[PDB]
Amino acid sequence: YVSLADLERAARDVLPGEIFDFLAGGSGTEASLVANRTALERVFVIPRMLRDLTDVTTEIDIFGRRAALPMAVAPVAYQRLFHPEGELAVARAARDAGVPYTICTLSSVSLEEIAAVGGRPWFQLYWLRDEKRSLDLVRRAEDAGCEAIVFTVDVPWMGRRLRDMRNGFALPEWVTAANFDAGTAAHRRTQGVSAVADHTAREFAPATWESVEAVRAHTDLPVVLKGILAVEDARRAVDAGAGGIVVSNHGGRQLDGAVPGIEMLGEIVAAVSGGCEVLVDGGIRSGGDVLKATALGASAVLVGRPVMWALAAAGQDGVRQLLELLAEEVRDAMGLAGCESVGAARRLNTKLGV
């Protein structure tokens, strides 16, 4: 593979149609899904020349750990959908690459098992109807050695994914939510209905600023709010004691018509003015895209779908190859842009084009 696009092709070949659709799709007309890509394509970097490149390093320090790249694996539920080794394959590859891996509330292998892989993992939290269950997950994650809580704040319920509805998508019997008894709703086949959306509408409670404070009081770990797009919500996240935010429209899967995170990133970085880490996701598909995000001010990016393409295509080895490719592309882009460090990349200027 010489690009991430090679991997999407490989994944489409192997995965069952309804599973590829569940992975690829967005909500509504998929306007926000497409806009994530369009928004990146419009950004051009103004590279610097003639700088010392004798020791280019792509490393960052974030949430108390050194990471090999300004990148982490995004939370993606139910990874056994894509390969039998699911989360274990991805976590092993991430560990070996020095990249943080985000363990999901709806992981198909238990959070303790995935944490046991090592690699100083993060944990993604959904707020559940039973608050105590969500707080218990936080404590389990901390006890297991997770280093940050990524609280997803953009899913009071799941968006309307028309591909999943048309397919009457449901989880196969062999894929379950391993962290708790989530019941059978996500496995029920109903015509024109997404079982996964039906399941979560029952299981999830809308999170509020009060929920954030409950989590912050329950752990010493940095709390990172994922799904922030409004400048005022980014400011409030800092005031609330968040250690970071992920500027994100959830891959175009939640509100159709939500602005891409990449379009809000610069304004958000200015408003928080170093008060927390500011990550971004949505459509990152190359090292050059990582560079663009960094130049707009991101601390790091998350990558979601491409990691699943790699997992579907070739399991752990596939994810390894994807991360090695991304690492090479990041080093390449940084050097060509005159940046010996990620901090230097954050000081690059950009220009919008057509």
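A residue's number is simply how far along the shown sequence it sits, counting from 1.
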item	value
122-130 versus 223-231 - which carries the larger mean C-alpha B factor in the record	122-130
281-289 versus 54-62 - which carries the larger mean C-alpha B factor in the record	54-62
Highest-ranked of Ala72, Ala205, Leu111, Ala242 once sorted by CA temperature factor in the record	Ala205
Highest recorded Cα temperature factor - choice among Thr176, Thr152, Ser248, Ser211	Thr176
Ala170 - which third its CA temperature factor falls in, relative to the rest of the chain	highest
Third assignment of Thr102 from its chain's C-alpha B-factors	lowest
Chain thirds of CA B-factor: placement of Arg92	middle
B-factor third for the C-alpha atom of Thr200 within its chain	highest
Cα B factor band for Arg346 (lowest, middle or highest third within the chain)	lowest
